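Asks: structure for the following, please:
(chains A and B)
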Amino acid sequence: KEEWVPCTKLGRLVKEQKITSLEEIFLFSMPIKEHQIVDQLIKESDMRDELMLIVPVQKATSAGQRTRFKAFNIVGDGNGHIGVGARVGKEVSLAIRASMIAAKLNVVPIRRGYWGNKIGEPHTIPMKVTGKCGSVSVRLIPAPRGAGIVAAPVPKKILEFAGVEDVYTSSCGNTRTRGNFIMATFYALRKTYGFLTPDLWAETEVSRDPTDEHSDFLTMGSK
RNA sequence: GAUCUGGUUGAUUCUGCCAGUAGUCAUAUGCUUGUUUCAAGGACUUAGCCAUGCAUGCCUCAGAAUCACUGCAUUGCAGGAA
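Replies: Numbering: from 1, shown residues only, chains lettered A, B, ... in the order given. Shown next is the structure:
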């Protein structure tokens, strides 16, 4: 690795021990634009990467074609973090790198609940949801203990990395376009904190953004 | 186990069929085979045609005994065929 010097207010606060988790970030809903902030606050040997898809892309020109590779990369942790990203390069290893980097800036937390009696730790989404990308759409359905992941290959990875165990699924549209299939399943998971349930409502006391709190630091850093 | 993949373009997103995939006391047809338990089997086309043999008879203490029938006894007794 070649070293990090932060260009963001956020990044400074992460690079010293003030912000010690990604849930502080997630709360006040600040954007992450330096991949090193996800590296810093998530322990190593607990991230699981992999490449869902690598694929050629062309364009037409005079004399012949022009070729550019492309790639999809998915990343996350079984405590409820996941992201996805896809990018392009004119060589192979390029697109690989650029995907991984992208993916670590679309990290989003995932909420889990129960199907029935509340015992143990949550193994399943609390509700039905949907996502749509392109024509192809995806629906995720709660299921009881031991039901397991009943899904196609493509979705099953998304779910497994999230920390969702038992589930069921179904889809419509052309599911054979893989890039859209991925992104659909991703948009699905997101919306479990996008929906409001009697578990919550209470009008919680709200808190100041880390920037306000730690403002002392960031002033000195300017000088 | 409330699931999918390949094929229309120079490349992309759809619609839509074709092809792949798993069962079936559901039948046929090739290749192949060491032990044991269990079990369907001329229904599909022709409810078309049939050689030969067998497939429904029955007697007890208790309906009719002169077998010219059998045993024992010697003029009676017990079996008793068709």
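Asks: assign the spatially most central residue of chain A to helix, strand or coil.
Replies: Centroid-nearest residue in chain A: residue A:83, 1.9 Å away (criterion: Cα atoms, centre = their mean). For residue A:83, the assignment made with DSSP: H, G, I helix; E, B strand; the rest coil gives strand.
Asks: surely it and residue A:107 touch.
Replies: Yes - counting by Cβ atoms under 8 Å, residue A:83 does reach residue A:107; the two are 4.3 Å apart. (C-beta placed from N, C-alpha, C; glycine too.)
Asks: any residues in contact with both of these two?
Replies: A:75-76 (Cβ atoms under 8 Å, 6 or more residues apart in numbering).
Asks: ok, the residue nearest to the centre of chain A to residue A:206 distance?
Replies: Separation of residue A:83 from residue A:206 (Cβ to Cβ, to the nearest Å): 26 Å.
Asks: and if you look at residue A:106?
Replies: Separation of residue A:106 from residue A:206 (Cβ to Cβ): 26 Å.
Asks: the more surrounded of these two?
Replies: Each of residue A:106 and residue A:206 has its neighbours counted (other Cβ atoms under 10 Å); residue A:106 has more, 15 against 7.
Asks: which residues touch the more buried one?
Replies: A:83-85.
Asks: same check, this time on residue A:152
Replies: Applying Cβ under 8 Å, 6+ apart, we find residue A:152 in contact with A:169, A:171, A:175, A:181.
Asks: host element of the residue in chain A that RNA strand B sits nearest to?
Replies: Residue nearest to RNA strand B within chain A: residue A:134 (2.8 Å; Cβ to the nearest atom of the strand). Of the helices and strands defined by DSSP states H and E, none includes residue A:134.
Asks: I'd say it and residue A:173 touch.
Replies: Yes - in this structure, residue A:134 is within contact of residue A:173 by Cβ under 8 Å, at 6.9 Å.
Asks: so these two - more neighbours on which side?
Replies: Counted by other Cβ under 10 Å, residue A:134 and residue A:173 do not tie: residue A:173 has more neighbours, with 16 against 13.
Asks: show me what contacts the nearest residue to residue A:148 once chain neighbours are set aside?
Replies: Closest residue to residue A:148 apart from its sequence neighbours, by Cβ to Cβ, 6 or more residues apart in numbering: residue A:166 at 5.7 Å. Applying Cβ under 8 Å, 6+ apart, we find residue A:166 in contact with A:115, A:123-124, A:143-149.
Asks: get me the contact residues on chain A for RNA strand B.
Replies: Residues of chain A found near RNA strand B, taking Cβ under 7 Å from any atom of the strand as the criterion, are A:55-60, A:65, A:134-136, A:141, A:143, A:147-154, A:156, A:168-171, A:173-181.
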